[PDB]
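Asks: Would you mind keeping the following structure in view while I ask a few things?
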Amino acid sequence: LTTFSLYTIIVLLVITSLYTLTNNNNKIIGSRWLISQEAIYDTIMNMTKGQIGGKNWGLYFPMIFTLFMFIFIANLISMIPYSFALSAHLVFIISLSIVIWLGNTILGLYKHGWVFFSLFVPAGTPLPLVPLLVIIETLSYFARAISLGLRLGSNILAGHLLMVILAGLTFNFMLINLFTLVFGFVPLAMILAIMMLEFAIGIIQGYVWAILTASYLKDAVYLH
Amino acid sequence: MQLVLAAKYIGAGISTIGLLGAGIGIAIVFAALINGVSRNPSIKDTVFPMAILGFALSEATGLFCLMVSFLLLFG
Amino acid sequence: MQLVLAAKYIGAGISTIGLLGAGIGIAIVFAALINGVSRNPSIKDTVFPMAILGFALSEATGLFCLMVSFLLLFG
Amino acid sequence: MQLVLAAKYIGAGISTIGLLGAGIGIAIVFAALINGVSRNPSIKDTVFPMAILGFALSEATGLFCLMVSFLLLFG
Amino acid sequence: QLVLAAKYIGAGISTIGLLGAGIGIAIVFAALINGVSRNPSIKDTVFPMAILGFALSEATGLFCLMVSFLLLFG
Amino acid sequence: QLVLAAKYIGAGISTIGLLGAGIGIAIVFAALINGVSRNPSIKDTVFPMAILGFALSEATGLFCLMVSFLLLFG
Amino acid sequence: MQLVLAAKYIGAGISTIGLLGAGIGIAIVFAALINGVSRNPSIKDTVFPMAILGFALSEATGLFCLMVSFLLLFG
Amino acid sequence: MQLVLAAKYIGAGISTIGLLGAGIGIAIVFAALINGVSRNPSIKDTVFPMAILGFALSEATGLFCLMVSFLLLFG
Amino acid sequence: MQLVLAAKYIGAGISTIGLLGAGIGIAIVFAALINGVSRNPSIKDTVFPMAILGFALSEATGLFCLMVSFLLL
Amino acid sequence: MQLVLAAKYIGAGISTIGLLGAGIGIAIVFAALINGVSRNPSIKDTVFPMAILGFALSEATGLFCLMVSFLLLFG
Amino acid sequence: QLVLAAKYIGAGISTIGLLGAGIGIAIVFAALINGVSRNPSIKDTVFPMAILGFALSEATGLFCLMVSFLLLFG
Amino acid sequence: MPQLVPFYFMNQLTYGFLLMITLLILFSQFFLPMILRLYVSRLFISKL
Amino acid sequence: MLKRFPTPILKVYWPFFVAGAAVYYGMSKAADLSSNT
Amino acid sequence: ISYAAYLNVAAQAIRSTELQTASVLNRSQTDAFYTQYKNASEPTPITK
Amino acid sequence: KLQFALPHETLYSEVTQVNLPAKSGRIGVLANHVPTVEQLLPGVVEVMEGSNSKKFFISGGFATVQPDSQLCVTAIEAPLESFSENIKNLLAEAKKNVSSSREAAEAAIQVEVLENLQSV
């Protein structure tokens, strides 16, 4: 068995129930849980309608929605204190970032020919720095390749690892001098604040992913 | 081996330095908040969620420093 | 070993540097408070909760730093 | 041998200092955001993408720095 | 010997921590003067606030200082 | 060997340079937000200029990083 | 022996670093003084003892750095 | 020999520190450009070439530092 | 001998770092002077004594650092 | 000696750190220039000579740092 | 040879101090340009003031440089 | 949380890319248009 | 509600999918190169 | 242009859905001339 | 309290919170706010005296908190509702006018008013 494979199965079954058994009545008033995924739907609909701004704005709305939801669900499931992190296999998240970067490069080449690199010519400037402004645009174009993945990876990895080291320390803090285990609630509360923060930065990252790879698609769909 | 164990304890202290930036960062957001709210009064309904977001992001960079500190210190 | 014990004492010192950041940070929140309240003396009652929040959060980054110092000192 | 592993872990510690800059940087962007909204509360929707862009870019330099830390620590 | 040397060096490192607290005190006071000059009359509400702000700014320095003393004096 | 140790250490010290770019970038973006909030309308001219300022700020940190990879790998 | 003496002389130098923050601090209080007094023409009589208070307190932090340098230097 | 070679590399790493100030410097010029252009709506035709001069000069300090870094590193 | 004499030189070098704050400090006072004076005009004759005092104090912190350097030499 | 030639390389590296201050410095005068020029418009004829002067000495402090590096490094 | 090494290293450390004055110099002149652009006419009083501050700010860096020279020459 | 260096990268990644393609098709053709149906149904009653 | 509404993903999402296939092959080789140790 | 002229134009535009009373319209619509004079000689009454 | 005054009318000659668009961005004044002089830009204004809130479209003016906490607002003319469809039509015509044409500046101001209308 593959631990990663088992938790991907759990994610899939959660998502199937979230858009079937969420308003199985099919109310025109809408069941209360499905109101959340309506508001999310609208703030990403109207965001990727703004950003992408092409005719393919709504055509890339499902991809950007499953890029929201993937990170949103995998940063809830990975936050369960007896659940195996998909994100601890960083290689899937980073691989997805490189795949999207390459699928942007191919999209850009397809959409804007071999004059796609005119994206990295930004403006007229004095002649000795016209090539320079191509170099430090292209460097940022594949700094865009790795930055997006490593941001999300760093937040999630650091949160789980931070919590575990501090938990083990406060465990052995409680084991030593038992009078500190009495009123050992304040370090538990410090870990609680961190756990609240790790949910926050996990929900922030699913949206932040989806705005940043909307900005990258803004460049790719229409040159500049 | 005494060198490597000593290196752990030194390296921890070096890593701790990174935290200072986040500490100043939190304050910068809150200083802006206080000034801004004084200008408008009622802008706060929009702005207060933005302040929490700003705090979280500045803090997160700080946490990266802290986990490296603990990796060297504790293991 | 003299080297390991030494390393704890050196490393403790290095950790202590980080705390400086929080010191500047707390002051920055307070500066805004005085100027803000000067600009609008009646905004104070809303703002004072926000100010205390900003103090606490900035201070927290300081706490983590100081914890790492105490771990080297008294570990 | 001990020297190599020591130097690896020391080098990791030294790099961690770089993270502080991005932490301050993010905060500055949020300070600007707060001021922008308060001076024109309708600027916000346009500004929200620009703010996130600046946050990401600021953060990125720190994350590169963090890769040097991780290359040493895990590697 | 090395342990005693390390105490003295280590103590020195801790002293660097103090610089930030010093800057902090000034920042609160700068705001005090700016605020006072701005209202002429904020002073009575602000005076206990100012003392508090001073105390906290100094305090981060004090924690650094206590660590310094512990290493130096024992 | 000492030389092997030296390149690992040197790589650490060089990495710190990225710090400057992180602050730099934020100052450009902050000014962008301030300008656009001031005018409501400057943005068409300003947004290209801001991306230039960003690129240059980032670049200084990247020079530091390139030195880091030359040490670390090399 | 030599090592202990060495540590003290070096250490005295390190302690000197702390003072820079106090130096800047004093300047900041005086800068505010000029700006306030230039705004009012007349706030000065009240403000002058306020300014002295901020100066003294800022100075005191630097004094702490300095005395730690002296403790190591003079013994 | 080994010590000298080590010192070249170490000296190079240390040299790389100076670069950060020029980086921040470039941003400070560009901030003023954006700000200035927001004040006039119309200074920009004079000010844009003026700004390129300012950019080049702030950047230049970094290049002098970088040259030395390369002299230490490669040399 | 060698280690102690070396250590004195190192400690002295380190002491210069304390001075940098004073270097900036003096400028901040004078910057304030120019700003204040340009804002009010007329305050200047009153303000100038206060400025000299503030300058002296900022410099003084650096002076303490400097004399410690001289002792170590 | 190995140690002395090494010490030249290390010492040179340290000297290069000084350049950061000039990097920031140059930018500050040019920032002030752009701000000033945008504020007045027509001040520029007087002010452009002033800006070059402020550049020159600020730069010179940097050049002193560079020259000490050269003195150590080259001899 | 440790002492000779230390003279050269120590000199390097002494160089660091100059940076603060360097920033300072720019700050005085920044203020000059701000004041002059705001007022116009302030300049005739202010230009002597600017030169005084400029020199004073520099002098701290000169001290730091002087300690470098004392080490270098020995 | 504690982690080593897998060599099982391709095993993991196979299940990873499969989940993406599954969800993409599933959302895009099924579940997202069911939301667009809710919006449009509400709007058609609103118009009528 | 739950109804298939066709999306021509083979010309909408074609460059993404091409990048995925290439990386799938490349990670097989990367996994093989890492499984030596 | 002069601040009160700026505000005037704004006020006139602002009396536009229209609903407005005659007096509002009159404060925002008046016909007149300004006959400049000299140190004597009069630049002719030009519609204000 | 508040003096809110027009030449031929007075809107609100103890007002608790007032939200104003001024040459300083937007400023809100709440009880005691230290005394200011700011020229009011053409504005959409909300005035709250107690919890009751009144919504105004105001042709700009000048704003002055007095030291005695008399918020002297002087503006040329105003409710929000009075300004408010035909106005949108007219401004389109006025937008056309900007293409040709003091009249040039005037048409530019009309566009500024169009922005102010767009705020509604």
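Each chain in the structure tokens gets a letter, A, B and so on, in the order shown; residues start at 1 in every chain, and ligands are counted from 1 in the order they appear.
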Select, as a list in words, those residues of chain D with any atom no more than 12 Å from chain L (distances computed using only C-alpha atoms).

Replies: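 Every residue of chain D that passes the 12 Å test is in residues 73, 74 and 75 of chain D.
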
Asks: May I have the residues within 12 Å of residue 48 of chain I as a list in words, using only C-alpha atoms and disregarding those fewer than 3 positions away in the same chain?

Replies: residues 30, 33, 34, 37 and 38 of chain G; 29, 30, 32, 33, 34, 36, 37, 41, 42, 43, 44, 45, 51, 52, 53, 54 and 55 of chain I; 45, 46 and 49 of chain K

Asks: Within 8 Å of chain I, which residues belong to chain G? Use only C-alpha atoms and report them as a PyMOL selection string.

Replies: chain G and resi 2-3+5-7+9-28+30-32+34-35+37-39+41+62

Asks: For the residues in that selection, give me C-alpha atoms as a short mmCIF file (atom, residue, chain, number, x, y, z; two decimals), in the first residue's frame.

Replies:
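So the final result, stored in selection05.cif, reads:
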data_model
loop_
_atom_site.label_atom_id
_atom_site.label_comp_id
_atom_site.auth_asym_id
_atom_site.auth_seq_id
_atom_site.Cartn_x
_atom_site.Cartn_y
_atom_site.Cartn_z
CA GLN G 2 45.59 34.44 27.42
CA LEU G 3 42.28 33.21 26.01
CA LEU G 5 42.02 38.08 28.50
CA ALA G 6 41.45 37.88 24.76
CA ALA G 7 37.76 37.15 25.29
CA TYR G 9 39.07 42.64 24.98
CA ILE G 10 37.11 41.30 22.01
CA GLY G 11 33.98 41.19 24.18
CA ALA G 12 34.41 44.84 25.16
CA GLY G 13 34.35 45.60 21.44
CA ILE G 14 31.16 43.54 20.90
CA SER G 15 29.43 45.39 23.76
CA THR G 16 30.22 48.70 22.00
CA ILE G 17 27.91 47.66 19.10
CA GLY G 18 24.84 48.07 21.37
CA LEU G 19 25.43 51.84 21.73
CA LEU G 20 24.59 52.66 18.07
CA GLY G 21 20.84 52.25 18.70
CA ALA G 22 20.86 54.72 21.58
CA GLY G 23 22.79 57.24 19.44
CA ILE G 24 20.14 57.15 16.74
CA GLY G 25 17.44 57.22 19.43
CA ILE G 26 18.61 60.54 20.88
CA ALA G 27 18.65 62.08 17.39
CA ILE G 28 15.07 60.93 16.73
CA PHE G 30 15.52 65.87 18.94
CA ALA G 31 14.25 65.68 15.35
CA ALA G 32 10.70 65.50 16.68
CA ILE G 34 12.50 70.64 16.01
CA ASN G 35 9.44 69.64 14.00
CA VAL G 37 8.47 73.51 17.90
CA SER G 38 8.58 74.66 14.27
CA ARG G 39 4.90 73.78 14.01
CA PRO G 41 6.37 78.36 17.77
CA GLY G 62 23.05 52.84 25.64
#

Asks: What residues in chain K have any atom no more than 7 Å from chain I when counting only C-alpha atoms, and can you write them as a PyMOL selection string?

Replies: chain K and resi 2-3+6-7+10-11+13-14+16-21+23-25+27-28+31-32+35+39+42+46+53+56-58+60-61+64

Asks: Do you know which residues are at most 6 Å from residue 30 of chain L counting only C-alpha atoms, after dropping those on the same chain fewer than 4 positions away, and could you put them as a PyMOL selection string?

Replies: (chain L and resi 26) or (chain M and resi 2-4)

Asks: Taking the backbone alone, and naming residues the way the document does, which bits of chain O are strand (DSSP E) by DSSP, as a PyMOL selection string?

Replies: chain O and resi 2-5+17-22+25-30+37-40+43-49+52-58+61-65+71-75

Asks: Would you list the contacts of segment 10-16 of chain N as a PyMOL selection string, taking every protein, DNA or RNA residue within 7 Å and counting only C-alpha atoms, but skipping same-chain residues closer than 2 positions in sequence?

Replies: (chain N and resi 6-8+18+20+25+28) or (chain O and resi 59+76-77+83+87+109-110+113)

Asks: Just give me the gap between atom CA of residue 53 of chain J and atom CA of residue 54 of chain K in Å, one decimal is fine.

Replies: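 For atom CA of residue 53 of chain J relative to atom CA of residue 54 of chain K, the distance reads 10.7 Å.
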
Asks: Report, in Å with one decimal, the straight-line distance from atom CA of residue 36 of chain A to atom CA of residue 12 of chain A.

Replies: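 Atom-to-atom, atom CA of residue 36 of chain A to atom CA of residue 12 of chain A, that is 18.9 Å.
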
Asks: Neighbours of residue 25 of chain M within 12 Å (only C-alpha atoms; same-chain residues fewer than 6 positions away dropped), as a list in words?

Replies: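 So the residues in contact are residues 9, 10, 11, 13 and 14 of chain L; 18, 19, 31 and 32 of chain M.
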
Asks: As a PyMOL selection string, please: the residues near residue 47 of chain G (cut-off 9 Å, only C-alpha atoms, same-chain neighbours under 5 positions excluded).

Replies: (chain E and resi 33+36-37) or (chain G and resi 33+36-37+52)

Asks: Mind dumping a table of every chain A residue within 12 Å of chain H, with the nearest atom pair and its distance in Å to one decimal, using only C-alpha atoms, sorted by chain and rising number, as CSV?

Replies:
residue,atom,partner,partner_atom,distance
A:125,CA,H:52,CA,9.6
A:126,CA,H:52,CA,9.7
A:129,CA,H:56,CA,11.0

Asks: With DSSP run on the backbone, what are the alpha helix (DSSP H) residues within chain M? I'd like them as a ChimeraX atom specification.

Replies: /M:9-12,14-34

Asks: Please build the interface table for chain A against chain L with a cut-off of 7 Å, listing for each qualifying residue the nearest atom pair and the distance in Å to one decimal; count only C-alpha atoms, order rows by chain and increasing number, and write it as a Markdown table.

Replies:
| residue | atom | partner | partner_atom | distance |
| --- | --- | --- | --- | --- |
| A:4 | CA | L:12 | CA | 6.3 |
| A:5 | CA | L:15 | CA | 5.9 |
| A:8 | CA | L:19 | CA | 7.0 |
| A:19 | CA | L:31 | CA | 6.2 |
| A:28 | CA | L:42 | CA | 6.6 |
| A:62 | CA | L:28 | CA | 5.3 |
| A:63 | CA | L:24 | CA | 6.4 |
| A:66 | CA | L:24 | CA | 6.6 |
| A:88 | CA | L:3 | CA | 6.6 |
| A:92 | CA | L:13 | CA | 5.9 |
| A:157 | CA | L:1 | CA | 6.5 |
| A:160 | CA | L:1 | CA | 4.9 |
| A:161 | CA | L:1 | CA | 4.3 |
| A:164 | CA | L:1 | CA | 6.8 |

Asks: Generate the output file for the selected residues, N, CA, C and O atoms, as an mmCIF file, in the first residue's frame.

Replies:
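Below is the file that was written, out.cif:
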data_model
loop_
_atom_site.group_PDB
_atom_site.id
_atom_site.type_symbol
_atom_site.label_atom_id
_atom_site.label_comp_id
_atom_site.auth_asym_id
_atom_site.auth_seq_id
_atom_site.Cartn_x
_atom_site.Cartn_y
_atom_site.Cartn_z
ATOM 1 N N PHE A 4 0.198 7.841 0.444
ATOM 2 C CA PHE A 4 -0.158 8.948 -0.409
ATOM 3 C C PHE A 4 -1.374 8.616 -1.241
ATOM 4 O O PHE A 4 -2.272 9.443 -1.376
ATOM 5 N N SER A 5 -1.432 7.381 -1.793
ATOM 6 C CA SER A 5 -2.501 6.952 -2.659
ATOM 7 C C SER A 5 -3.781 6.856 -1.874
ATOM 8 O O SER A 5 -4.846 7.211 -2.372
ATOM 9 N N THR A 8 -5.214 10.347 -1.241
ATOM 10 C CA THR A 8 -5.786 10.929 -2.439
ATOM 11 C C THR A 8 -7.176 10.386 -2.675
ATOM 12 O O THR A 8 -8.066 11.120 -3.101
ATOM 13 N N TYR A 19 -20.536 17.895 -3.702
ATOM 14 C CA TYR A 19 -21.250 18.465 -4.812
ATOM 15 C C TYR A 19 -22.234 17.448 -5.274
ATOM 16 O O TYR A 19 -22.471 17.302 -6.470
ATOM 17 N N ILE A 28 -33.831 25.759 -4.654
ATOM 18 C CA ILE A 28 -33.557 26.984 -5.374
ATOM 19 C C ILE A 28 -33.242 28.058 -4.363
ATOM 20 O O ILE A 28 -32.937 29.190 -4.723
ATOM 21 N N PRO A 62 -12.943 26.178 -14.374
ATOM 22 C CA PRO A 62 -12.861 24.896 -13.703
ATOM 23 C C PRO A 62 -11.492 24.528 -13.230
ATOM 24 O O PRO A 62 -11.402 23.884 -12.188
ATOM 25 N N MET A 63 -10.428 24.886 -13.983
ATOM 26 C CA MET A 63 -9.085 24.536 -13.601
ATOM 27 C C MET A 63 -8.655 25.310 -12.404
ATOM 28 O O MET A 63 -8.035 24.773 -11.497
ATOM 29 N N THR A 66 -10.518 23.920 -9.347
ATOM 30 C CA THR A 66 -9.969 22.728 -8.753
ATOM 31 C C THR A 66 -8.562 23.000 -8.265
ATOM 32 O O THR A 66 -8.003 22.175 -7.552
ATOM 33 N N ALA A 88 3.487 16.490 2.480
ATOM 34 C CA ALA A 88 4.787 16.080 2.963
ATOM 35 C C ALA A 88 5.511 15.397 1.840
ATOM 36 O O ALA A 88 6.738 15.416 1.789
ATOM 37 N N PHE A 92 4.740 16.349 -5.300
ATOM 38 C CA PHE A 92 3.532 16.425 -6.077
ATOM 39 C C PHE A 92 3.168 17.878 -6.243
ATOM 40 O O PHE A 92 2.769 18.285 -7.330
ATOM 41 N N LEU A 157 4.546 22.749 5.276
ATOM 42 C CA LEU A 157 5.565 21.897 5.840
ATOM 43 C C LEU A 157 6.012 22.443 7.156
ATOM 44 O O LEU A 157 6.178 21.700 8.123
ATOM 45 N N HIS A 160 3.245 22.041 10.106
ATOM 46 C CA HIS A 160 3.118 20.741 10.708
ATOM 47 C C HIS A 160 4.340 20.386 11.500
ATOM 48 O O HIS A 160 4.241 19.824 12.586
ATOM 49 N N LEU A 161 5.532 20.731 10.970
ATOM 50 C CA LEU A 161 6.775 20.444 11.632
ATOM 51 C C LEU A 161 6.965 21.266 12.879
ATOM 52 O O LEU A 161 7.477 20.766 13.876
ATOM 53 N N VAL A 164 4.730 19.917 15.644
ATOM 54 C CA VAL A 164 5.181 18.651 16.175
ATOM 55 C C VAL A 164 6.376 18.806 17.091
ATOM 56 O O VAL A 164 6.440 18.145 18.126
#

Asks: Contacts from chain O to chain B, 10 Å maximum, only C-alpha atoms: show me the residue list as a VMD selection string.

Replies: chain O and resid 17 to 20 24 to 30 33
